[PDB]
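Encoded as structure tokens, the following chain is the form deposited in one PDB entry, with no partner shown.
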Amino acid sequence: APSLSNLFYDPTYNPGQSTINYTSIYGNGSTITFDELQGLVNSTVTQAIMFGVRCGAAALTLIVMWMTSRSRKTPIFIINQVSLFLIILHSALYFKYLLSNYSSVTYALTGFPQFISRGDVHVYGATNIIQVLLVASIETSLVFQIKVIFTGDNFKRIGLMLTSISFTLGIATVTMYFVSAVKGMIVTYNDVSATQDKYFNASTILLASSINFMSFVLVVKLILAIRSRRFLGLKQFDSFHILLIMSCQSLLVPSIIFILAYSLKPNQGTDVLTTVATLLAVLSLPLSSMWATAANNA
């Protein structure tokens, strides 16, 4: 503490317009303000916050789903476990990414490819493969939720149609995620300072449209299946009510979160809200099973 400068006593000076001087590949001065830097750090912290929420919610849902799911060896239980373990493992690799040398402001300000370690490239690839397997597990669950729920309906013509369309969408999104993954891998392995996000947007919209399709089918069907129970009988509080509530939640909240992720300001780190939408689309079914068992037991 040699001596406090005059600007410590001025009540009008703001640090946000002050300039940082640092070295970069493009030039020598490359001035940047503390508010672009705090935007970068706030985006990184916001991504970390949502991925922490994902990791904690998925881990505790996995733990609770074991403690209480009496119907072990069901395919939907095994799929739900594979999906929760893949959410946890994806969140873990991402938690390394946020604390690595690609999310650091060292690389986001100074585009130096020497700072890059090839292990970080391998972590990037492992995360992309785990995301592909996650989408595969989610669509396996959904094709297994429409196949099983369409068994027993007299109108099996339209049930088979619905299974077919859903399964087509599942294969299309899984193939698009794998194509996006490999088209990002060849570019990253070749040049560490480039990206291929062209197919990303398409694969995420494909997944969102699949989820939207599922919530439509499950809500339409359950609506006709409580209208048939209201013209004869009544539908106000049975487990029927729990499935209908979770399917209306799956209808309204992940779509709202997808549009919120596509509408808000860019570069603020809010773009990973699509992962909260997929988190809730995953967590609708195990929580639905828990409520269903805890309203059937009585």
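Only the largest set of C-alpha atoms that superpose within 1.5 Å between the two forms is called the rigid core. Don't overthink the numbering: it's just position in the shown sequence, from 1.
One more form of this protein, deposited with a partner chain bound, exists but is not displayed; see below.
*Asks:* Consider the chain as shown here, without its partner, and state which of 215, 145, 166, 137 has a heavy atom within 4.5 Å of its partner chain in the entry with it bound.
*Replies:* After the contact test, the surviving option is 145.
*Asks:* Even though its partner chain is not shown here, does residue 75 get within 4.5 Å of it in the entry with it bound, heavy atoms only?
*Replies:* Output for residue 75 is yes: heavy atoms within 4.5 Å of its partner chain.
*Asks:* With the partner left out of view, is residue 277 within 4.5 angstroms of its partner chain in the entry with it bound by any non-hydrogen atom?
*Replies:* Residue 277: no, not in contact with its partner chain in the entry with it bound.
*Asks:* Examine residue 156 and determine whether its closest non-hydrogen atom to its partner chain in the entry with it bound is within 4.5 angstroms.
*Replies:* Within the cut-off, so yes.
*Asks:* Even though its partner chain is not shown here, does residue 151 get within 4.5 Å of it in the entry with it bound, heavy atoms only?
*Replies:* It does: once its partner chain is placed as it appears in the entry with it bound, residue 151 has a heavy atom within 4.5 Å of it.
*Asks:* State which of the options 117, 201, 228, 195 undergoes a Cα shift of 2 Å or more between this form and the one not shown, taking the core as fixed.
*Replies:* It is 228.
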